[PDB]
Amino acid sequence: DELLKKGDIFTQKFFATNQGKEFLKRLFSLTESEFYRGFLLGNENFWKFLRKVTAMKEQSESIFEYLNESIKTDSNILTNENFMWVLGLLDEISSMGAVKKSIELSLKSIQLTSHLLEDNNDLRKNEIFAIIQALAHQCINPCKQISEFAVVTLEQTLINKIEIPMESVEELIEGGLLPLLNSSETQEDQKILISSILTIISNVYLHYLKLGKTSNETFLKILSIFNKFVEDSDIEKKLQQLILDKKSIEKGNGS
């Protein structure tokens, strides 16, 4: 009642004051406290309220401080009944950097989203896949200084976090980055975004082919992905590089 419905009473102006900051600091102690924690983390309304308050530019650092404190100490804060709202919260915080403080906050938040894999290895497919979806989506961000960090962080997530043998590389390619590709029919995204995502999928393919866990149908599938987005600027160079490095990797294992 008081928080969501009475929007006019509690606004941008009120939460920017000292009173709102102390109110939020006292409020998060309930989540810290043992009484209402199991109740509060499950509810939709509370996380909807934090989704609202993350839009407040003054309060973004406070919410990020709370989340960073909470996730590190206890890995059990996240569960299947509350993960997607938290992921949306970090998505909003990372996308807040539209315009240094916001840039630094996004810089920390991207790594934080990348860091939610070691804390709990017991993960569902849809559970893990949203993190990769958010990281892939965050490459769309027009500001160069954030997307250039986002792509390398997503590469650092793919390189040494996910164990293949209870998923597979096929769905990691299909259900993850490829939704960006099929959803990029708008020309405003332009060749820069598709070239960047092509580069990183080439890099991770190179790594896991060096290690070696693939089959014929993999290579056929990324071949189909390449032909689905034909463009004389990028397809020719990437195809030549790929058909050279596949034989280099084949040379790797035999001797």
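Here the sequence shown stands for residues 1136 to 1234, 1259 to 1324, 1328 to 1417, numbered as in the entry's author numbering. Positions of the beta carbon are idealized from the N, C-alpha and C atoms, including for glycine.
C-alpha distance - residue i paired with residue j, whole-angstrom precision
{"i": "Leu1294", "j": "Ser1265", "result": "12 Å"}
{"i": "residue 1256", "j": "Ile1411", "result": "Any question about the placement of residue 1256 has no answer from these coordinates, since the chain jumps from 1234 to 1259."}
{"i": "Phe1145", "j": "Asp1394", "result": "55 Å"}
{"i": "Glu1216", "j": "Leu1282", "result": "12 Å"}
{"i": "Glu1179", "j": "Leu1371", "result": "42 Å"}
{"i": "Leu1373", "j": "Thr1312", "result": "21 Å"}
{"i": "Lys1390", "j": "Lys1400", "result": "14 Å"}
{"i": "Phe1184", "j": "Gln1352", "result": "35 Å"}
{"i": "residue 1327", "j": "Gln1349", "result": "Coordinates for residue 1327 are absent, as the chain skips straight from 1324 to 1328."}
{"i": "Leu1404", "j": "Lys1267", "result": "34 Å"}
{"i": "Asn1300", "j": "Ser1417", "result": "44 Å"}
{"i": "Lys1140", "j": "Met1191", "result": "17 Å"}
{"i": "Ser1261", "j": "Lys1413", "result": "47 Å"}
{"i": "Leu1340", "j": "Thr1272", "result": "20 Å"}
{"i": "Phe1181", "j": "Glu1398", "result": "51 Å"}
{"i": "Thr1208", "j": "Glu1169", "result": "14 Å"}
{"i": "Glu1347", "j": "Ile1269", "result": "26 Å"}
{"i": "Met1328", "j": "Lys1284", "result": "8 Å"}
Same chain, Cβ closer than 8 Å to residue i, neighbours up to 5 away in sequence not counted
{"i": "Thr1189", "result": "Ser1195, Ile1198, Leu1224, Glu1227, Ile1228, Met1231"}
{"i": "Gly1338", "result": "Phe1288, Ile1291, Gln1292, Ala1295"}
{"i": "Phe1381", "result": "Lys1408"}
{"i": "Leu1213", "result": "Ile1206, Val1221, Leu1275, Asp1278, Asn1279"}
{"i": "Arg1186", "result": "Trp1220, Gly1223, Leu1224, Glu1227"}
{"i": "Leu1368", "result": "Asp1407, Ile1411"}
{"i": "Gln1147", "result": "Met1191"}
C-beta contact flag for residue i and residue j at 7 Å
{"i": "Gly1155", "j": "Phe1149", "result": "yes"}
{"i": "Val1392", "j": "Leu1317", "result": "no"}
{"i": "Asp1396", "j": "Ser1357", "result": "yes"}
{"i": "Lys1303", "j": "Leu1276", "result": "no"}
{"i": "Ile1354", "j": "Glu1314", "result": "no"}
Contact set for residue i: own chain, Cβ-Cβ below 7 Å, skip 5 residues either direction
{"i": "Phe1163", "result": "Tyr1201"}
{"i": "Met1219", "result": "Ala1289"}
{"i": "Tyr1171", "result": "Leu1165"}
{"i": "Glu1286", "result": "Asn1215, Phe1218"}
{"i": "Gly1177", "result": "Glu1216, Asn1217"}
Cβ shell of residue i (< 6 Å), same chain only, five flanking positions each side left out
{"i": "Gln1297", "result": "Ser1229, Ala1309"}
{"i": "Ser1210", "result": "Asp1278, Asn1279"}
{"i": "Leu1138", "result": "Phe1184"}
{"i": "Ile1305", "result": "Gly1232, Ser1265"}
Supposed contact pair residue j and residue i - C-beta distance, whole angstroms, cut 8 Å
{"i": "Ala1151", "j": "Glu1193", "result": "5 Å"}
{"i": "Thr1166", "j": "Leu1159", "result": "Their Cβ separation, rounded to whole angstroms, is 11 Å, which puts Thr1166 and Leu1159 out of contact at 8 Å."}
{"i": "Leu1342", "j": "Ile1323", "result": "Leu1342 to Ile1323, Cβ: 21 Å. No contact."}
Discussion item. Contact between the stretch 1328 to 1345 and the stretch 1370 to 1390 is defined here as three or more beta-carbon pairs at a separation below 8 Å; is this criterion met?
Written reply: yes
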